[PDB]
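One structure below.
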Amino acid sequence: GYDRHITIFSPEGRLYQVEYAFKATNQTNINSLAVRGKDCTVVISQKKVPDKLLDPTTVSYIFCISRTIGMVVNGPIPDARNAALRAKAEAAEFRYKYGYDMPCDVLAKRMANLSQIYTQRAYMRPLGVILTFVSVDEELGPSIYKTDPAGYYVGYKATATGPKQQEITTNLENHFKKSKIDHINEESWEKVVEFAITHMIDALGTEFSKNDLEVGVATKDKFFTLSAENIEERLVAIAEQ
Amino acid sequence: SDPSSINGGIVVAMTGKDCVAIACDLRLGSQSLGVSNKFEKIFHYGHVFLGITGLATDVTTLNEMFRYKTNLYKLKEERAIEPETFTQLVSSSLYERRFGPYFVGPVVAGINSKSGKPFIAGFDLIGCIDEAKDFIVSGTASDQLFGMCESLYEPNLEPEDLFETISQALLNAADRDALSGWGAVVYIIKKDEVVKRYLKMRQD
Amino acid sequence: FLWX
Amino acid sequence: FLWX
Amino acid sequence: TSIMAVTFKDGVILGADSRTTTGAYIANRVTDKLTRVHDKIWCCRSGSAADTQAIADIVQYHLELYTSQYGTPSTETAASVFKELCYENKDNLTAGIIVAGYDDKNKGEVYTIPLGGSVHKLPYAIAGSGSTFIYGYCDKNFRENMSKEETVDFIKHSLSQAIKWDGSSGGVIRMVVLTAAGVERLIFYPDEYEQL
Amino acid sequence: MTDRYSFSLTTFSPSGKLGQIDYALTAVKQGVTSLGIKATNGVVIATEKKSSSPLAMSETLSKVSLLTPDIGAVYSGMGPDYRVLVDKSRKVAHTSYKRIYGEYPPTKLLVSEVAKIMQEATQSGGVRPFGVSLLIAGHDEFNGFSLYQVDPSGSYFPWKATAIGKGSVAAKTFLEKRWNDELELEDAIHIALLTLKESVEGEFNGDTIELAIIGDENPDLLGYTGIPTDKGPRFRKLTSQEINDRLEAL
Amino acid sequence: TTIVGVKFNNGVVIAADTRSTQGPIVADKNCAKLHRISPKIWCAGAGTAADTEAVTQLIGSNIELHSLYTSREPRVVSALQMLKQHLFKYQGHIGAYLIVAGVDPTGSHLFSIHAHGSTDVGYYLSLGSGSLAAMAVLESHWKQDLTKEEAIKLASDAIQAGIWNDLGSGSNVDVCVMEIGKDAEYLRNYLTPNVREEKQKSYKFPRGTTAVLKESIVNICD
Amino acid sequence: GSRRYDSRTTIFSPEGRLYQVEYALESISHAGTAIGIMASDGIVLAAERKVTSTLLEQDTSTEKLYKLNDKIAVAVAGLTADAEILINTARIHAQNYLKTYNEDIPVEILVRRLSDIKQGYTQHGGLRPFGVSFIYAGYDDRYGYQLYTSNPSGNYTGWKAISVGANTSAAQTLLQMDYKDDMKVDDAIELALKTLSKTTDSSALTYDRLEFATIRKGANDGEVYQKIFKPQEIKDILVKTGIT
Amino acid sequence: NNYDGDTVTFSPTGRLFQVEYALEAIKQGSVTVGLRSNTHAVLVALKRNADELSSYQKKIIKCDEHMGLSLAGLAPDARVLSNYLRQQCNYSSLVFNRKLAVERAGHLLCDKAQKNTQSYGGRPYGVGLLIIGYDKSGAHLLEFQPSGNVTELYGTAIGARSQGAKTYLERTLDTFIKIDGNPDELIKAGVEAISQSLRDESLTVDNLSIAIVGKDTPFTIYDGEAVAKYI
Amino acid sequence: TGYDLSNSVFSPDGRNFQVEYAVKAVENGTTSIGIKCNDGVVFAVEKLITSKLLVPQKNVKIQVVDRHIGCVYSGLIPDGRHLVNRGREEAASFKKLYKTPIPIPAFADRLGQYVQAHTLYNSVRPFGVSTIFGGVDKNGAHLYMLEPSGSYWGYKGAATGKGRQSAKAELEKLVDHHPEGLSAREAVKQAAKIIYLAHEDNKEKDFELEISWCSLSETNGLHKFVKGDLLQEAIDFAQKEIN
Amino acid sequence: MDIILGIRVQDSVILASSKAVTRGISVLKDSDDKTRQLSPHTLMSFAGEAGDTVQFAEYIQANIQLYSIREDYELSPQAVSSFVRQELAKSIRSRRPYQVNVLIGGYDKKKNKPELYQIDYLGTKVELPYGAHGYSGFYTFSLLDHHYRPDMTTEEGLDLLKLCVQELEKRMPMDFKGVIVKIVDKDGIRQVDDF
Ligand SMILES: [Cl-]
Ligand SMILES: [Mg+2]
Ligand SMILES: [Mg+2]
Ligand SMILES: [Mg+2]
Ligand SMILES: [Mg+2]
């Protein structure tokens, strides 16, 4: 059964190497979450540093692609860094050729089209990663666009990725049923980050220290990650409420 | 050694009432030496007529090239190419050789089979389109033809009148150019009949 | 050629 | 051709 | 063209005229010859407008891709990328570029890249056709660790003379101030600088 | 390194079957139902918007795509394969036609170019066939309105009306009863919505249905005025509101 | 050739003459020098007529594909960047001098491109042989915060300066107005101040004047 | 490496057969029957459409019969997509010859070059052969009316009457039974339809399931006309012979 | 077993069987010995014949005036690698007017052998080499294996029953290392070493091949009646 | 099954068995360690003395990249050399364009992307080495460890080879007992001890110790080998601790 | 190279070609045949740049001979001329063009008609009753305009040709050492040995 070794159709019309690439996604055992404010888009991911010899500052699955675009990866770090470098190169070239900053949804489509090629061409394996792109687009506003090994991509009101994704998804679904809107009705990004962490705590049922989380924030004209002290400040706010 | 004026020759096209006319001289020379008095410069691909002045090897090459292209067009489209479309094909083909061009002055003429509108167009050697209501001129006696056409021409001429105007325009222009003349051909083109007349002109 |  |  | 970059106590200031000429005709009298390659790395363009624009565009691309991977590049790094393009394509380029940038470690720095594609790090640099007339003046008047107001006057008086004597230079005097504070754009009109 | 797969991954079996084309058709069968109906004065193409998650914004994912101002396409099967085919289909309409003749290609010829791309994935080295069947609706001056189906093999057929994917067998039987040669465009949209309700299980509204037409020229959608010959695109995507209006008189 | 671009408060206007020439001869008495890159991005071209047409259509084609790919209305800076990179590659061998103008989500824009790949920014620009005649008028009458009707008047006046004073320019005035939140309106032959006076005589020949050697019916059908 | 997944499309069996050519011929044997009959004053091309649906557009359709130039046509049996690749190549080869010699391409030269392309796919390249058999019907001023067939092997032969696709065994027996050399076009039209009518897998042969074409000298004086029959024209010729 | 089809495949225990099979070709090859003092480096090679009518396969190749190797395994592979060394030695001379360091020679062979063990289609080299040389840091002896592993040694041996000579040199290490300014005595120690790898056969005049390089000695090979002295 | 026969093939688990097999080749290799210190990094490696015939101090395993980076690796030694050769090309092209010597994180990803590339195709074999490397840049000292998969992280201490678990346990103690930091000269002595302790898992053959270090104060930010008095001082410290 | 004439009469084509091969101030040869038989009923005479002439003629001859074997059929004179023109048309935009001018005299067996084609090095083809290349035309064209009739016999054609050679020997500056004359008709190609 060599139809399970390369990206060709099985008798039942399936690509097993795409399906197995999806399972490689959860190999890191890390859950990510993305939500949109009014002015901002917040992405949070679990940060697990099991080895005591590791430099914890260098352990990151969030990447600054361009000044405006941020990207979080669910999957092994080698494929994650492979995807990050390409996305950075693609965003830089786009600006040079077309004279304006690459939009979040366009980069997502470009990376998805690249992912699609690996599912149709035999010599290239799919990357075992799910790419969540976040920005505050100058046209579309707060934006979340997610790519998978199948070459699928779509925009999200909010999204979650990882082993306990379904629990986080239903937690967020229930909130947007209640709030009756497409976003977190909040002025400051500080409080949208607090919302993201609060709803991850409720879904996963675990408490977080400052070193257990990794936070990225997209505002107009810049995306930036929060330091341990930035997160700690944020955790203190949640606790005192 | 000016490619456009070695062989010599002229083409002129005019529009009338529900008709077009395209005419050309018959001379092919090598500078001073007259060689052939049968070299026609007007070809047709279905109901679309193309006149080509300039270097005679390129006149022949482009005719063979557009026959090739219009034949494949007809097989794939399952219909004859229209003048407006053919004009664009000529332009594309000429500009493809932008930095090694065909030394030619092509002129498209024909009636759109769908709309019944008379259409004429001229091109430069790099393929720039010159669209006109009235007339297009090309060749070694283009100056002379411009002078004749601009004075003689009037709009909405009947086929029989348009024949006299284009014929007198070509003949009198050709007689003031050394490298043009040696006989002439005039095509009168109506919606669904085409008359081809050989003119009597001075043979010097 | 033509110039404008 | 412009200069500076 | 008349362009210069001067290092002072708080950072560096870029100065330029606004005149672009084809022959003796002024094609653009309000040209912006001071261009951003990074947030606090700017350059002064002299020579072929087409060539200097093409170079500046590529460098901005390289430093954007550098920033994505390795964070903020040094002013020296920016000058090295400019040099690489200018030197390797010396046979097809007419471009004299002054690179000026503000680090927090290195403070204000000025690199000049003449036609050859050579790099020269200087306390201040002058370039373009107008520069010939102000070598004498600039040498006699420049001091190290000037204040902002002193450096603005030094550039204004210098380019004022360059503009007065060079037909190729004229219009407004644009300046760009690079300090820890940020990026400040300054403009000075004929009615001011002419009667200095 | 380098693509060492320079040999066909699609070959003839002893029975004469091309396995990878058959399996690609099986993938299309699993795909969500899409259909096309040709009227006298237009064409309609419609499909269900199967939402991967209720958090996903199904407006961002476009199953019905503009190829030229007068040609549209819809699919059943693998969306990613469809997306890159739309990109290649839009580009080939320019490079191999518009940049030569200064006008957009007629429906049949663009369909032929798309078919050629899908046929090459069937025979070229180190590639699997595309796992999609396309329905391409379009208008051109000399052929009028037309509707084409394109299969993973690269084979295409013209249709008065048809369906592809999940419930295509039942949908085709439904269209056979309703279709006549005197259908006006509004009557064809009505039938398209009736047919699609049979295959759709969950919600049936303008937010879960994607529907576009090839009809009259739309001067309002052109973006400029002053050229009389340029009268605007015949392809128009119906809005979420426009669909809901026709679902009340259903 | 005389082409100008004028910025006003809510948009940009471009105008051009309608004369095409080979040497001192007038090939086209009414030629269209105003080209559509996209619905709301218009281009005016001087220099090699074939080159301006070809470069306009190529970037226009690539801009349409880019617009479809990105699901966004095209930007003037995109058309500008793609043009100037293409023109620079050919080191001035493509003799296209363009005034690029349009409206996009970012706002209203006015640029000029030279054959060597240099670009300029301005509120008023002029290119072609009649540019000096046009720029004289623009420098005399242009002010900040022009209205639509003032910008059309100024632009058409600058073209007229070229028509009358420059031998390379003549015939009619084409205008295109690109206003924000509105469809661009292309005003083909906006002014026609060079109408040919009635001829003194009809040169319609008596039928049979031309001597004929042979007649034959040509077969155009299959 | 990639050696593991190579089918080796261009190798011999121990018996000295080309596997992929044999299996491609097995593929074509399930395709709709196509018949060519050559008369003294023209050629007939008939072809049965593969199990038609009642909602298929019949008039603006082309499955079986294609035009290569004004003097040559082909009837297809196999993968339509594969055939269209080879047809576009053939169409170009014909125009290349016309451009070079200012003369229409002789039928055999076009057939040889198309057959030589197929041969290539069986000997080198490691790709699958084209799952297509052609019937070439054409005229040139050297040999006059000519019928040929080519198959995935790249082998071509000349015929007076021939079938390709499904039930060729049954079809070739019926043609071999009723054909004769002094036959006219109108007689060949009748034979072609009578053959398909008996060898069809369908219940009854109807106009909507047929493509039909003739290459006559039925134009005005010493020139050849190609006639790709319209649906209504096939309906008329089917009643005239008395099949419906 | 299932993981020896090509060089690009690792075994479940992390082995490259194609490289190990190439290593096996060396063991089948005829014995050759390398040893050095501080002044001189010596190669001694037992040459092999097809039969009594055949010549004895030449084992020693000169690379430069100051460097050369002996081979054990596929002789054509030795010709390829020796030709590559000649070019690298020659490049060092022409461009830098510099004799190539014996250590760099090793590094260059290592990197050339490695590329053949990581790429599809190619195969490992099926030969082991003993490179001797005298450069700016005195005498040197290298052992090359087609895995890519190059090792600098005082003495060693490769080929069939090489373990006999390698044990002898390990015992004699302290003696032969201090044979300075005496070529003949260093060769004798090499000839006595290779004698420990002999079974039934003994060293004859057209059987034995000796090479030497040193301080005031260019790399020179001795065959035929020139080696009769040392039997 | 048969998912383990080809590189770049996902198993139903979502694993690349050929990379996991390359790790077994690394686990089989000799012990190599890295220790990050106050103002630099220290590298040390176990060299098994197979025979008396090996020339001491003349089979160097630690390699320098540019002038400021040190690399050491366990597993297939030739594969390590091939990776360093690439690193030297990457560091040269970076300096050529950007003038500044390549930063360690930048360098780390250059190796990372290259090793990862050898898990994308069945026409190449994964690297049979874990590489411990680092040095001093403008932002200070950096220690990295890179694995056959292309995975790499920053480390306080790193260990790979047969005695990795023994070395890791000894590294973890240093990190706990010196939170404020370890000095360059201290790290050299500790490196010696940890190699001697990790030699217990490879104790059939006796070995030869090799140490290198980059330090902003001790080596002026350049990579240098520890030789002579400083080496013998570190060996004596290690010899005292095992007894 | 220099003088090559062609006269199409009722039933044949006659090609006259000068015999002189001059380099510098030396006539190296006075018996040179500036013609190749392309097929049994097609003859091509050639004049132009040294080396290029023969190299081009033989290259064409090889290609027509290859076609004749492949199809077991002789290409029409019209077909051969069209092939030759396209080769020159390609040549002129090459790195180093063939500077060769040719006359193609052939008898079309299907039409039963003689045909003369004049093709210059640019690829300028014309069918003519009479043709010439180089300076020869400046004398022969006006002479043939006068004396030529379309219904002439081969013998009349040869007398008309003698009149051309006499005029050229009288008024041409250079000694071209007479001509080799060849007749192309229904029976193929034969050489007139006494001229
Ligand atoms: Cl893409
Ligand atoms: Mg694959
Ligand atoms: Mg005359
Ligand atoms: Mg005359
Ligand atoms: Mg001035």
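What you see of chain H is 2-245, where the numbers are those given in Swiss-Prot.
Just so you know, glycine gets a Cβ as well, placed from its N, Cα and C.
The following features are taken from Swiss-Prot:
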type: CROSSLNK; residues: H:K100; note: ubiquitin cross-link
type: CROSSLNK; residues: H:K199; note: ubiquitin cross-link
type: CROSSLNK; residues: H:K231; note: ubiquitin cross-link
Per DSSP, three-state class assigned to H:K199 (ubiquitin cross-link):
helix
DSSP three-state assignment for H:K100 (ubiquitin cross-link):
helix
CB contacts for H:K231 (ubiquitin cross-link) [other CB atoms within 10 A, all chains]:
13
Alpha-carbon distance [H:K199 (ubiquitin cross-link); H:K231 (ubiquitin cross-link)] in Å:
23
Cα distance (Å, whole number) from H:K100 (ubiquitin cross-link) to H:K199 (ubiquitin cross-link):
45
Give me the long-range Cβ neighbours of H:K100 (ubiquitin cross-link): same chain, 6+ apart, Cβ under 8 Å, in sequence order.
none
Cβ neighbour count (within 10 Å, all chains shown) around H:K199 (ubiquitin cross-link):
12
